[PDB]
Amino acid sequence: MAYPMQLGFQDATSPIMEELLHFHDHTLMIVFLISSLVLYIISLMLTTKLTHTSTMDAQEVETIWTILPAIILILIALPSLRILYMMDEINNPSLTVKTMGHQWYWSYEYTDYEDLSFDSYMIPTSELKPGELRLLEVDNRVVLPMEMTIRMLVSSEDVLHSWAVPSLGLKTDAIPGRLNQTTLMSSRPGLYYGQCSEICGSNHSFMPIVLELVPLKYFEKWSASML
Amino acid sequence: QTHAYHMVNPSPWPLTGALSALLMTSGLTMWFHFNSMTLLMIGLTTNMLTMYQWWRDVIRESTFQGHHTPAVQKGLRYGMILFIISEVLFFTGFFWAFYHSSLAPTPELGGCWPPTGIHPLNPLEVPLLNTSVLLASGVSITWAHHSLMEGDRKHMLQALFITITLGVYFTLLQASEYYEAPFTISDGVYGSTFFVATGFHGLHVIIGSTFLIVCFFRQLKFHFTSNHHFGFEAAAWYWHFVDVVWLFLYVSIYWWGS
Amino acid sequence: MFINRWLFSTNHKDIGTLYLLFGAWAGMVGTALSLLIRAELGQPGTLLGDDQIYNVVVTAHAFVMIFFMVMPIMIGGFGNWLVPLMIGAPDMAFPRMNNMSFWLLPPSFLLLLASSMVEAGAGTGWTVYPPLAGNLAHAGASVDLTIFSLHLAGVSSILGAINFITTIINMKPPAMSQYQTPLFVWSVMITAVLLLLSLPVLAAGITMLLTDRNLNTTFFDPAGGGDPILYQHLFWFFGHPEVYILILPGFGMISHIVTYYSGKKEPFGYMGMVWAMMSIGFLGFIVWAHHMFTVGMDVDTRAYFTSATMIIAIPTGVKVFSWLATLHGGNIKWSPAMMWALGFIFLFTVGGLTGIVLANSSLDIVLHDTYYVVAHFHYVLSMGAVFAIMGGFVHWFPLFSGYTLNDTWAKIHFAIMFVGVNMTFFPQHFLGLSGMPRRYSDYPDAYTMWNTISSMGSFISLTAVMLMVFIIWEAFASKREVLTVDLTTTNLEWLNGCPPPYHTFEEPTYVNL
Amino acid sequence: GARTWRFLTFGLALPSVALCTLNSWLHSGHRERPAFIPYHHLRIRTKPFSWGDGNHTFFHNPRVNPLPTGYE
Amino acid sequence: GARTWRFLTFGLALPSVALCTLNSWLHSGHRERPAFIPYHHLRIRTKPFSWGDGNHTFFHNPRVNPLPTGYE
Amino acid sequence: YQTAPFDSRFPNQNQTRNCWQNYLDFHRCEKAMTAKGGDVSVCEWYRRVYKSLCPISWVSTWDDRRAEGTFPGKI
Amino acid sequence: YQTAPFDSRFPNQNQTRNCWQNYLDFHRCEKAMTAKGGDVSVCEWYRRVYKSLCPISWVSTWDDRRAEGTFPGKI
Amino acid sequence: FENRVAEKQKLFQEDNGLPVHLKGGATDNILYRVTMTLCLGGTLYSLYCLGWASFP
Amino acid sequence: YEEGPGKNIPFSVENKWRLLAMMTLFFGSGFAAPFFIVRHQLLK
Ligand code: HEA
Ligand code: HEA
Ligand SMILES: CCCCC/C=C/C/C=C/C/C=C/C/C=C\CCCC(=O)O[C@H](COC(=O)CCCCCCCCCCCCCCCCC)COP(=O)(O)OCCN
Ligand SMILES: CCCCC/C=C\C/C=C/C/C=C\C/C=C\CCCC(=O)O[C@H](COC(=O)CCCCCCCCCCCCCCCCC)COP(=O)(O)OCCN
Ligand SMILES: CCCCCC/C=C\CCCCCCCCCC(=O)O[C@H](COC(=O)CCCCCCCCCCCCCCC)COP(=O)(O)OC[C@@H](O)CO
Ligand SMILES: CCCCCCCCCCO[C@@H]1O[C@H](CO)[C@@H](O[C@H]2O[C@H](CO)[C@@H](O)[C@H](O)[C@H]2O)[C@H](O)[C@H]1O
Ligand SMILES: CCCCCCCCCCO[C@@H]1O[C@H](CO)[C@@H](O[C@H]2O[C@H](CO)[C@@H](O)[C@H](O)[C@H]2O)[C@H](O)[C@H]1O
Ligand SMILES: C[C@H](CCC(=O)O)[C@H]1CC[C@H]2[C@@H]3[C@H](O)C[C@@H]4C[C@H](O)CC[C@]4(C)[C@H]3C[C@H](O)[C@]12C
Ligand code: CUA
Ligand SMILES: [O-][O-]
Ligand SMILES: [Cu+2]
Ligand SMILES: [Mg+2]
Ligand code: NA
């Protein structure tokens, strides 16, 4: 989850999120450098009483102005597209889980073996247990095996929603009549939080996502106990 | 003035037109949600009054007052071309909707096009007749144009009358096909795409036929010269646009989509 | 006389004046909406109600700022006032149709304010996606009134685009080629081409939404074989060009202001600036699905939209560097308009660069539907489009009115607005990276500090808006009449005096070959 | 010239319309309506129509257009 | 005018070619050749070719064009 | 069987047709097997894949439509 | 069973695809039934139809190509 | 029919200061008043309808 | 029509205090409207 006064991304929980952090660092350096160079050049143009107001020849300088940006875009696109295709690569999941968006809660279906499904609603502020997070806790968490490739399938039974978990690098739109696929792999046990990421009416702010990442044996016994 | 451009007399029709748009939209709202047609009928009436008086004034300014210099006519040429382009892009949205639905038919349809339970019209029956009618009208309007340029009043009138008769024939055939169709606008995305796309086209055929009828009465009244007749050129361009949209509908919805 | 002049106008200047008044009123509405947003978010918890009232405010904020403030001011106001004067034309090609473009906007605005008064409003976002915008999740008149609002604003701008393209092509002096027209005139012609092609596709899409809501069509309804994602394609096919429509006339005004207050006769690299605007206009039609990177499209499609979107940085960079090259060697006048234009160059660059971050589909997975997007677009709109409007307003107010502003007050106004917009939007980057979603009435407790600071910024911007009204009052109250304007040899719009007569160029300019 | 476009109008275009009018004429006559099946992707009703009883399409033909509950 | 068509040549057409050239030169790497299967509808020989040994196509590439009997 | 493997026919984020195809394949196979009075256990692979991929409400709606006579796919 | 009945999928003088489809259908069914170890009698309708319609030389060529691994249809 | 355009040219060029939308004579004033009355009355009715629809 | 400074506008600037009232009502009504619309929505 986010912490107070946070400036950047939540710490990476998955390898792809790790990749996105390093790609963002590279891109941000470029954004900083270009922003800085423009501000510095403005301040340089504006700090001399020397003048030259006759017609200026443009073509030589326009080579620099187009080539250097073209090279910089290529230096962004290359790692950008490497990560794009890495997330798309075939991985062989061990487990498929479905989530259905609703106004205003998530349902989960684990139907590889048994008919396991349940609803996941926000804990009201007045019912939080001491130490629990306002607007982020759910009654029924999405328990999942850690260190395993999981296929998540996302849809809706009403309006658009979007199923997001920032620390895993995940955001998949929940569209009625459509089954969208993403893959999830947590390097660590723990609790990983997200929030509905498509405007879906009165309680859009109040239908969060909580993943609970535990060893396979714990996930198996939990699954059995939830039938 | 020592330029060739038209300084237009202050006019109330922009305001009456803007207000007719408010009354038509608020009227449709009142019809869809508050079970009443009153605002809508006031808006349609004021819209027709506005169009009548505005285009009447354009005839006064041109035929009767002489404000349509070559420079003014050139501007109207560009204006009509640009208007037709905007209408092309409007239809493009409906063609996009059609191809989107038909190229990737969803499970609700049976995963096929046409959908399960949809019995398309035979494209070789009335749809082919409608194609022949609009193509024929493209030929007769070209005859009318050449007659007018050659200074032939009688043949201009006969060709333009034939063109209007074919536009009316198409409209009556389409009305009858709408009535006979075993599918409706509520028959899923097939009915949706079919009736909204062909329906907007039908509306454009009525608009174009109305424009040609306006040219017919202006011709009867000797308004057009052998060299100056922009209202006729504009109606002819609009009429070709309507023909070409039909050819795309016929190939896309009626033939390829059957 | 008053009715004939102001309700029955066929005069480009008076119609430009009507647009500027309309846009100014709209800007006060959009400002109030922005303060309600930031009041709701300025402390954790609920101030107004649940997400419905909140998103009615957010939705109306966007429509008002885009359709009733920026487009009317840039295109209807500056375009009508300046385009004919800059080409020595006696009016627009279709001076009566011009008046209907204006008078369609009050009714458009009335339908939007009706949407918000009936039922529970249209809490849809300005994108109006189904099925939330459909007849189940938004039963009743609100969304239909929004659709009709968009239809009237659509017709207004389509007829306006036909008028500008025709005027700019057909009504220049016969010796003047298109490569002898000022950059602002180019910026309006290109904007008009974008409007002509994009708005009809929006019209088709919102018409499909109207029929799904009222005539039992199923374009966007899977039960009938429809697809909610089809609406998104049609909307964004319009929506990406729309953002280029919002900035292009700002680019044109920036070129004029930088040239003028640098004491130059011409912008650096005129043909490069023409090339850049045409390139941006063209590329702006082939990138729309960068608004859809999370909907589930194929990887190769995501790769194409990433690449095509990044290409826009090249022509945009030529313009930024050409503005810097125009300043280079200038006799710089530190006018209030120059301050707006220099703020534009820097802050537009920052928002353009956060747009290049978002163009990366892989990173956009985590940034999409977060405040990072909100930060990007407010840098380019609230510090780009708005700075160009404020620069153009203070630069040309004496042409339009015949009176001067108090330059000291105008510099105060600039300083306050500069602090407020940065305090408002800079921290939203942090909220985005750290995962705060869009269209939320309330946030997890961790996001409190940056939301608090952002809301405090919004109040500083309110102070600047209030001062601006006072500054316009002070100019009309004091009546300092313009005497001499420098650089008329390269700024034709000033050469008929301040204000120019009702009829200008009755005798056209003499230009030989 | 006018002469050529008249030749095309009467020699090619109207004969085509006459032949297609014949073709349609010969293939007219009511074909037998299909068995009613209450498919959920057809006869959509999310909101009553703003005319009649709310349940009839605008150019409703009793012979060939079933209601959601079947033929009238 | 010539000025406009030159503007399109250098401002749109050649930039397009440069970008397609970049696109192509990024996917120019040799792909993995597929297993040979002696399909009867491929590697047709009804008459020997009028060059070489009669069994090689005109722009035969040993790396990617198998003979009727397989890769050389 | 853990879960449905990668299927090169359905390699993209939209998995709707994968669910649909496997549901069709199971019910076509079941009809072919019940008809000649053969064994529905040969159909088991299609059954496991559609149960893994398909939302419960989709299967539930499709089953109701097969019983009603309103299922629009060919079985 | 006397002979292959009229099939509305193949209503025209060109019956090539009728022969091909029933040949594929038979061999796809026989592979599915051998595969779970199920029973090929289930496939009998397709066997009778293709045997009725298909030239012996077509069946013999296709059989040889299946054994060679050069059959171009998907079984 | 006969060509009476010259007589309409004389009427519409008459030096009487009328705007083109009123220059045909008294019938133009009537149709103008009908149009503007329906527009302004219709607009006032649309505002009444908003007032009504703004409450449950 | 009147030409020149203060005459090419649909509002009078003859009296700066009447102008202040008119401008107050004009910009003030625009800024107020959303607060009164929210009040309206809250009171249903
Ligand atoms: C004026 C308005 C405006 C403008 C001009 C832009 C310009 C750009 N925008 Fe933006 N955008 C919006 C308004 C605008 N945008 C809005 C309103 C939304 C949200 C819509 C919604 O969901 O409501 C949005 C959303 C949006 C998204 C979707 C994000 C998401 O929802 O997840 C993306 C994705 O690529 C995008 C990218 C860009 C880019 C690449 C540009 C480029 O045109 C920027 C180019 C400029 C530069 C790059 C800077 C100058 C260049 C240089 C100094 C040269 C050197 C530079 C390099 C080498 C990089 N913007
Ligand atoms: C032009 C477009 C534009 C402008 C200027 C602004 C300006 C502001 N915007 Fe907004 N905003 C949007 C377009 C704009 N916005 C859009 C498109 C959305 C997305 C909507 C959605 O999600 O569906 C949005 C969403 C949005 C959000 C996100 C809401 C959410 O996700 O829940 C927030 C949050 O703080 C915000 C705040 C502000 C603030 C505080 C200002 C302040 O900076 C405003 C300050 C005031 C001004 C800048 C003055 C304006 C007036 C004039 C310029 C008149 C001038 C007069 C003359 C020239 C005579 N806006
Ligand atoms: C690089 C850009 C394109 C270059 C064009 C061709 C170059 C050489 C030949 C010139 C003539 C071309 C015309 C078309 C005729 C037939 C084949 C040409 C197409 C070609 O060049 O195809 C090649 C085969 O050429 C072959 O067989 C052999 C080809 C040579 C013999 C052709 C003899 C036939 C001539 C027929 C003439 C008829 C003229 C008609 C007149 C009409 C008048 C009424 C393809 O190579 P491949 O190894 O199979 O596959 C590639 C594997 N790596
Ligand atoms: C012979 C062809 C001529 C068409 C004339 C017919 C009707 C009136 C108006 C037509 C305008 C065209 C398109 C509007 C949308 C829908 C109508 C489609 C065509 C049509 O007429 O469709 C009919 C349904 O009409 C219905 O619902 C009718 C619904 C009537 C109300 C229409 C609502 C208006 C929509 C608003 C338009 C917005 C415009 C946008 C402008 C762009 C601005 C930027 C089909 O009948 P059916 O019984 O379902 O099936 C036949 C079964 N026997
Ligand atoms: C039941 C349906 C109801 C819906 C409403 C629409 C219904 C009907 C509208 C029919 C359009 C009729 C247009 C008549 C225009 C007459 C005026 C005219 O044609 O004016 C001519 C100029 O053209 C000009 O302005 C050209 C002006 C062109 C305008 C034509 C535009 C088509 C309009 C479509 C409008 C709605 C479409 C939207 C659909 C979604 C005058 O110049 P000339 O001809 O050279 O004459 C001069 C010579 O005599 C000198 O010797
Ligand atoms: C020049 C201006 C002066 C004249 C002002 C105009 C006066 C018009 C008032 C009549 O109001 C109408 O009353 C009908 C019945 O009361 C309504 O039909 C409604 O009710 C009908 C049957 O009762 C239904 O069949 C229709 O579907 C339905 O829209 C109709 O909509 C509505 O317009
Ligand atoms: C130039 C000036 C402009 C003219 C303005 C005209 C305003 C007067 C219109 C009359 O008002 C009518 O009142 C009827 C009440 O009797 C309504 O009937 C409709 O609403 C009824 C209310 O029960 C229902 O019976 C039906 O839906 C239907 O008859 C109908 O909506 C409405 O038009
Ligand atoms: C007699 C009259 C003369 C027109 C004139 O020169 O003033 C003629 C010339 C062309 C005639 C029209 C055209 O011949 C075409 C139509 C033919 C139909 O048989 C009658 C109506 C019809 C629409 C004709 C009406 C009328 O008789 C017209 C208008
Ligand atoms: Cu669910 Cu937002
Ligand atoms: O829209 O960027
Ligand atoms: Cu975009
Ligand atoms: Mg989204
Ligand atoms: Na809040």
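Residue numbering for chain F follows Swiss-Prot, covering 12-86 in order.
Header lists the method as X-ray crystallography, 1.8 Å.
Just so it is clear, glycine is given a Cβ too, placed from its N, Cα and C backbone atoms.
Per Swiss-Prot, disulfide bond is recorded for F:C30-F:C65 (among others), and the stated evidence type is experimental evidence. Classification of F:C65 (disulfide bond) by DSSP places it in coil, neither helical nor stranded.
Per Swiss-Prot, disulfide bond is recorded for F:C40-F:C54 (among others). DSSP gives F:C40 (disulfide bond) a helix state.
As annotated by Swiss-Prot, domain 'CHCH' applies to F:27-73.
When other Cβ atoms within 10 Å of the Cβ of F:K62 (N6-acetyllysine) are tallied across all protein chains shown, the result is 22. The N6-acetyllysine annotation in Swiss-Prot covers F:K62.
Positions annotated as motif 'Cx9C motif' by Swiss-Prot: F:30-40. Same-chain residues lying 6+ beyond the ends of the motif 'Cx9C motif' (F:30-40) with a Cβ under 8 Å from its Cβ atoms: 15, 20-21, 51, 53-54, 57-58, 60-61, 64-66, 69-70, 73, 77, 84-86.
The annotation motif 'Cx10C motif' is assigned in Swiss-Prot to F:54-65. With a cut-off of 8 Å between Cβ atoms, the residues of this chain six or more beyond the motif 'Cx10C motif' (F:54-65) that come close are 12, 14-15, 26, 29-30, 33-34, 36-37, 40-41, 44.
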Within 10 angstroms of the C-beta of F:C30 (disulfide bond), what count of other C-beta atoms is obtained when all protein chains are considered?
-> 26
Could you check which of the disulfide-bonded residues (F:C30, F:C40, F:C54) sits closest to F:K62 (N6-acetyllysine), going Cα to Cα?
-> F:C30
Whole-number Å value for how far F:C65 (disulfide bond) lies from F:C54 (disulfide bond) (Cα to Cα) | 17
What does DSSP assign F:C54 (disulfide bond), in three states?
-> helix
How big is the gap, in Å, between the Cα of F:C65 (disulfide bond) and that of F:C40 (disulfide bond), rounded to a whole number?
-> 18
Just counting, how many other CB atoms are there within 10 A of the CB of F:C54 (disulfide bond)?
-> 23
C-alpha of F:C40 (disulfide bond) to C-alpha of F:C30 (disulfide bond): distance in Å?
-> 16
If you count the other CB atoms within 10 A of the CB of F:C40 (disulfide bond), including all protein chains displayed, you should get 23
Count of other CB atoms lying within 10 Å of the CB belonging to F:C65 (disulfide bond) | 25
Assigned element (helix, strand, coil) containing F:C30 (disulfide bond), judged by DSSP = helix
